[PDB]
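**Q** This structure is in structure tokens; I'll ask about it shortly.
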Amino acid sequence: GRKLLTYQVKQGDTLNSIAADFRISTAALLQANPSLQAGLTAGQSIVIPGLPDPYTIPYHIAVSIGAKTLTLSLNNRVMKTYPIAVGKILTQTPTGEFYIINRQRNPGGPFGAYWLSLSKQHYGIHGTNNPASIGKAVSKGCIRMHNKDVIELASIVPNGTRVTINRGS
């Protein structure tokens, strides 16, 4: 067996939402969790195929809303911290504990040499071509970084790494 990343359902989650959120297939999420098709359960752990275990990962990321920052730690111990951007969509969760689902290396467009996808659709870490929006709070746009920084995380941390969206202070 493989060490994969789990999800704990909230009351009224959707199979196809989580397959949109983790950029997976509901057919694969049903493949990993035959219970989902039948119905959903709040607090039900459902796994994400293709996405490994965050607790095998040596790094941890802390996203501070109140600061607009991204902390790259190693074994909980901070290595670095990169500036990032937060849209009003992240402001919703005061705990925002999430996980990098997978990555998209240089798309080509302004998406900041990379698009590292998060466990929630709008919760996502990517680069930009307008760096002066970095460190800032934006209307909706998801957590933007700088190109060399979004490529850092992309080379340093693997998928499954936990990105903690904290309102902070």
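Following the order of the structure tokens, first chain is A, next is B, and so on, with residues numbered from 1 inside each chain and ligands from 1 in the order they appear.
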Within 9 Å of residue 99 in chain A, counting only C-alpha atoms, which residues qualify if same-chain residues fewer than 5 places away don't, as a list in words?
**A**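 Residues meeting the cut-off are residues 5, 54, 117, 118, 119, 120, 159, 160, 161, 162, 163 and 164 of chain A.
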**Q** Excluding residue 109 in chain A and residues on its chain fewer than 6 positions from it, collect all residues at most 12 Å away from it, counting only C-alpha atoms, and give them as number ranges by chain.
**A** A: 115, 126-130, 147
**Q** Which residue gives the smallest distance to residue 44 in chain A among A:166, A:133, A:11, A:81, with only C-alpha atoms counted?
**A** A:11
**Q** Write out, as a tab-separated table, each residue of range 122-150 of chain A that has an atom at most 12 Å from range 19-24 of chain A, together with the closest pair of atoms and their distance in Å to one decimal, counting only C-alpha atoms, rows going by chain and rising number.
**A**
residue	atom	partner	partner_atom	distance
A:122	CA	A:21	CA	8.1
A:123	CA	A:21	CA	8.9
A:124	CA	A:21	CA	9.8
**Q** For the selection just defined, write its residues with N, CA and C atoms to a file, as a JSON list (two decimals), in the first residue's frame.
**A**
[["chain", "number", "residue", "atom", "x", "y", "z"],
["A", 122, "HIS", "N", -9.90, 27.48, -4.52],
["A", 122, "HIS", "CA", -9.51, 28.90, -4.50],
["A", 122, "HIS", "C", -8.35, 29.15, -3.55],
["A", 123, "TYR", "N", -7.91, 28.09, -2.89],
["A", 123, "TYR", "CA", -6.91, 28.19, -1.83],
["A", 123, "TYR", "C", -5.49, 28.03, -2.33],
["A", 124, "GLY", "N", -5.14, 28.56, -3.48],
["A", 124, "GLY", "CA", -4.06, 27.92, -4.20],
["A", 124, "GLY", "C", -2.82, 28.79, -4.29]]
**Q** By how many Å are CA of residue 137 in chain A and CA of residue 65 in chain A apart?
**A**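 Taking CA of residue 137 in chain A as the start and CA of residue 65 in chain A as the end point, the length is 8.0 Å.
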